[PDB]
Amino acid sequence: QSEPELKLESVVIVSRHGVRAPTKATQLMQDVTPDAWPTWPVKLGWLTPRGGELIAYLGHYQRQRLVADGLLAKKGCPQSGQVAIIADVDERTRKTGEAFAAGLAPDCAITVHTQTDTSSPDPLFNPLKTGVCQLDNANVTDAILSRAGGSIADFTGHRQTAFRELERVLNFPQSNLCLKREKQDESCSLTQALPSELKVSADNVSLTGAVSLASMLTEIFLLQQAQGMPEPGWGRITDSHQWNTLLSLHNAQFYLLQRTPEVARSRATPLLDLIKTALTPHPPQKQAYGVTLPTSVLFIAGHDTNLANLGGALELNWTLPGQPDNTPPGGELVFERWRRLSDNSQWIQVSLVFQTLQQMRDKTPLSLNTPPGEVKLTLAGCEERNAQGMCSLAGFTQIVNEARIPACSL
């Protein structure tokens, strides 16, 4: 039997929390559609039990996957200090951590470590909001507008097809914003009725109007779909082409606000530092949360913004077959360090593990036989690669060192 030339010795997963009930529909949300928004089974803002089961499935799969890789044992609870789970303070991420632990090792007591203080934000997941560091206004404004084609108007103009598709799902022409229109002189248009302005401060960036509204609404339909509700978007969404068109507006906003390096680098710095320390061989030192690193597996429950910030900072790009949302609930950015038995050198591989939207819709359990979608990523800035296409430990460390914004370090 041919033996593997590479041995898996460390895994770090940054995962978006699972499907969560959207927030209460804003006044705007009901004005852009005559129809009423469907209510959810659980508190709004919280992880839905279905959301938990989906994450649990991924946990189940990862256990099977790491067992086959010889990193985890097929029987019993992982040894003390072998698996570590960290989560942002929100209910949805804490619960995502618990669901993943339950799937990876049922009945076992794997703690989900968070920042001691739950009422306050965790700078690990956004150092900008806790004032750990600030954004250079003028530089961010220029970089975002630049990636937009110079203006948000040209940006939206290039996506009118997707915007009209949204209007069709909302039946916008027979909506309050449209009907009670004060300019009956022009045809109803979301982009025209809600101009989008780029807002830049030291602790945050945002887009007003249609772009941000569209990004949120398309994600809600996705959530509906994934939650297994009767007819997402009032039965109006019928094929895969329509799903892609709709979410494209969501991915577009994230492209602008979360992947832009001038924002991504500062916002992902604490995560980059945690990831690098966890993947780098070292005795079980620390980083915080009362958890020791390095270890075998480190699971981090964060958000889609984190996945996009990390991709923007590490120059990782990806499209997910079967999943219209590039930063899907439960989506996992998997970092692995593999040692090459021959020269015993260290290499790092990155992947985006996810559940196809259908796998979410049908709540199909996962296993090696029926795995979730998986896309192997390539660090664009990596030069020193191995046959398998991985980046050397040193290269990756260099990539992290140059991309991190020290002033945003924890």
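Residues carry their position along the shown sequence, with the first being 1.
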### Between the two ranges 155-163 and 283-291, the one averaging a larger CA B factor in the entry
283-291
### Task
Look over 368-376 and 350-358 in the entry and identify the one with the greater average Cα temperature factor.
368-376
### Peak C-alpha temperature factor (PDB record), options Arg259, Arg236, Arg94, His303
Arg236
### Criterion, highest CA B-factor; candidates, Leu47, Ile55, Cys382, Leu66
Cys382
### Task
Divide the modelled residues of the chain into thirds by Cα B-factor and specify which third, lowest, middle or highest, holds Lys74.
highest
### Query
Ranked by Cα temperature factor within the chain, is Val19 in the lowest third, the middle third or the highest third?
lowest
### Task
Could you tell me which third, lowest, middle or highest, the C-alpha B-factor of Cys178 occupies within its chain?
highest
### Task
Tell me, lowest, middle or highest third: where does the Cα B factor of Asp273 rank within its chain?
lowest
### Query
Lowest, middle or highest third: where is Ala403 by C-alpha B factor in its chain?
lowest
